[PDB]
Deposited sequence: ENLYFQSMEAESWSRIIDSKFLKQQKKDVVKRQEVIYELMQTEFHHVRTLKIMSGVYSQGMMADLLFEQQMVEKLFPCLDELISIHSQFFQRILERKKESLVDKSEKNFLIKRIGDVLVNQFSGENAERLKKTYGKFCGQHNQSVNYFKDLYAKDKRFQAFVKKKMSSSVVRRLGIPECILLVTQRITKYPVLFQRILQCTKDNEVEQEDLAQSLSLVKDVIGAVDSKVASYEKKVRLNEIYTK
């Protein structure tokens, strides 16, 4: 789905965190809705970061500097895939908000099934391969970027032009790569905060516990892949 539409759905969600409707629910509900918000908002930022990497930097290198498709895969491996995964994950979350209206005021009573789906079966396998690759090529790409900046004056001009743009916050390529690398390790924390906020709901508590166990398996797999890559690079 479209990024502006995604941002409007996010901005809409956040209006309800500030609302009097929410602030006048029970403390445990306010806290639970506040943590589920955090998961959504940070997933939106992740998707935004990825699409800036792709639409601004990656597309710009090919269009302006005549980089090949392969030189860009060196800097940003599996970027198209990541964008697909996280936009879709982000959609599922919004789709859940849309069916959680009350009596425009909503209250997410159930998000565990969405998380379990995302981190099991072939979705989990896609994340493992995707991040294992991105997180493995991680340090080579940052060095490759820094190598290019110091050497190629045309890339140097390109980067300064981009950082000045209103589109990129002041997101440098190194920062982008670093943010994307971290992301997968954020989920256990966000998921576990939702779980400990969830009271008197058995289905949800079970699914959240499951998703938390599941995302740790993915992280493990990614860490094995990264370790092996680095050993091979030497």
Inset, instruction - Could you please spell out the deposited residue ranges that have no C-alpha entry in the coordinates? - result: 104-106, 238-244
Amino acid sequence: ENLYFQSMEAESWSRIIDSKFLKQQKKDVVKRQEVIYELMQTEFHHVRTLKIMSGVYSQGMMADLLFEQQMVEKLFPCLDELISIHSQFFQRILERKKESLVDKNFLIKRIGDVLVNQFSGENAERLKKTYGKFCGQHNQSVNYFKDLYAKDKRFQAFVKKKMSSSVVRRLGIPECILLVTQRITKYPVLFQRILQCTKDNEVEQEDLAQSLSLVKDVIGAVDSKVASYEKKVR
From here on, numbers count along this sequence of modelled residues.
Inset, instruction - Read off the CA B-factors in the entry, average them over 23-31 and over 53-61, and name the higher stretch. - result: 23-31
Legend entry - Entry-level comparison of average CA B-factors, 176-184 and 63-71, reporting the higher stretch: 63-71
Inset, instruction - For the C-alpha B-factor as written in the entry, point me to the maximum among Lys128, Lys146, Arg110, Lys162. - result: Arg110
Legend entry - Residue of maximum C-alpha B factor among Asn105, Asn139, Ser87, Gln118, per deposited coordinates: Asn105
Inset, instruction - Looking at the entry's B-factor column for C-alpha atoms only, identify whether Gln192 ranks in the lowest, middle or highest third of its chain. - result: middle
Legend entry - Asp217 by Cα B-factor - lowest, middle or highest third of the modelled chain: middle
Inset, instruction - Rank-wise, by C-alpha B-factor, drop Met8 into the lowest, middle or highest third of its chain. - result: middle
Legend entry - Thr42, C-alpha B-factor rank within chain (lowest, middle or highest third): lowest
Legend entry - Assigned third (lowest, middle, highest) for the C-alpha B factor of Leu101: highest
